[PDB]
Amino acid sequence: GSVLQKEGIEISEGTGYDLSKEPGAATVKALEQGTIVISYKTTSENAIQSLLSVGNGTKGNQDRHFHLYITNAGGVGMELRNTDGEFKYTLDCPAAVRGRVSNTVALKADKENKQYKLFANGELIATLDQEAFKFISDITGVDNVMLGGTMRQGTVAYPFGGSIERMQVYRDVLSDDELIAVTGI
């Protein structure tokens, strides 16, 4: 099963929606691998909108976070960061989703294969293999989980507006076939 799930969460641009106190959030804050699946509708023209983030929101730690994000040009991406000297692993895919319309995206991080895969609307859109595999448990001082933005020194960065229709986070690594199916209509 999922370790954290939410449904029907509408977010006013800029505000975010804090998940840090939810049952399961502690698990999400320590993930060594796993899968994130999100259905959403954006109503914002912000250039970078985090759907889900997990990171360190404290002063001086603004480059220590993970987020799965969309853009105002129909892009989908993620960033996994613990300051640039430690790691900055990113995917950014163009023309993968559309903006008002429901989309479903997913990211998996697979420790055994050292691989990250991004899916949108029933398609695998990118794969990253890194010799030095990292995930959330490698970020230093993770203290929050949020929908619709990323906490950076107490400010909601990369603000989303619209609806998080469904969000599920898994410790399990779903198969590509599963993610093609679950991100479809």
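Don't overthink the numbering: it's just position in the shown sequence, from 1.
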Q) Unmodelled stretch from the deposited sequence between residue 75 and residue 76, which bin: none, 1 to 3, 4 to 9, 10 or more? A) none
(Q) When the Cα temperature factors in the entry are averaged, is it 38-46 or 54-62 that ends up higher? (A) 38-46
Q. If you average the CA temperature factors over each stretch, which comes out higher, 75-83 or 90-98?
A. 90-98
Q: Using the B-factor values recorded in the entry, state whether the Cα atom of residue 154 falls in the lowest, middle or highest third among the modelled residues of its chain.
A: middle
Q | B-factor third for the C-alpha atom of residue 28 within its chain | A | middle
Q: Quick one: classify residue 147 as lowest, middle or highest third of the chain based on its Cα B-factor.
A: lowest
Q. Where does residue 120 sit by CA temperature factor within its chain: lowest, middle or highest third?
A. middle
